[PDB]
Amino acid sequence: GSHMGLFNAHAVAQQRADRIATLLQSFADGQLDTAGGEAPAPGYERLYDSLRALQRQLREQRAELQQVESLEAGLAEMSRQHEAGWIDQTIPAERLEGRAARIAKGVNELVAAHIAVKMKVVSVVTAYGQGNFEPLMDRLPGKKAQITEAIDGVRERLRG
């Protein structure tokens, strides 16, 4: 409450500000591990609340970007496997979660559809390759129509 009082106040305010600066710094440097601890006094309660709120967020967002890194990893893996013909490989969707998992599942099902059209073609053409000319290629939509009529083309030939 004198001059020494005012100086001391500032010395303290300065320090409070300093640890807060340290926390925000270990937040920019991905160290969301250390909780800020208790506020030093009433005047900083809200700030510290926002500090935790900011931590909880910086955390989630980090997890999500991570997932996305696993996704690009598994996709890469799946691509490698498929070029080599190991077409039963898929991005391990289970290991992922959230947005990343959805994307992963989308990719697997998208390829699955394409692969299915081949399993059929490979089939009703295997039969055609050994006499049986009974089966027909499934009617396919849009530009996949070709496949359906190219298999029908070879069906006429063999027939007769």
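Residue numbers here begin at 1 and follow the sequence given.
*Asks:* On average, which has the higher Cα B-factor in the deposited entry, 124-132 or 101-109?
*Replies:* Taking the mean C-alpha B-factor of 124-132 and of 101-109, the larger value falls to 124-132.
*Asks:* Out of 13-21 and 135-143, which one has CA B-factors that are higher on average in the deposited record?
*Replies:* Looking at the recorded C-alpha B-factors, 135-143 comes out higher on average.
*Asks:* Pull the Cα B-factor of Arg95 out of the PDB entry and bin it into the chain's lowest, middle or highest third.
*Replies:* Top third by C-alpha B-factor.
*Asks:* C-alpha B factor of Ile115, ranked within the chain: lowest, middle or highest third?
*Replies:* Within its chain, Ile115 is a lowest-third residue by C-alpha B-factor, going by the deposited values.
*Asks:* Hey, what third does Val68 fall into on Cα B-factor, ranked over its chain?
*Replies:* Its C-alpha B-factor, which the entry lists for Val68, ranks in the middle third among residues of this chain.
*Asks:* For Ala28, does the deposited CA B-factor place it in the lowest, middle or highest third of the chain?
*Replies:* Its C-alpha B-factor, which the entry lists for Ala28, ranks in the highest third among residues of this chain.
*Asks:* Mind checking which third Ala35 falls in for C-alpha B-factor across the chain?
*Replies:* Highest third - that is where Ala35 ends up once the chain's C-alpha B-factors are sorted.
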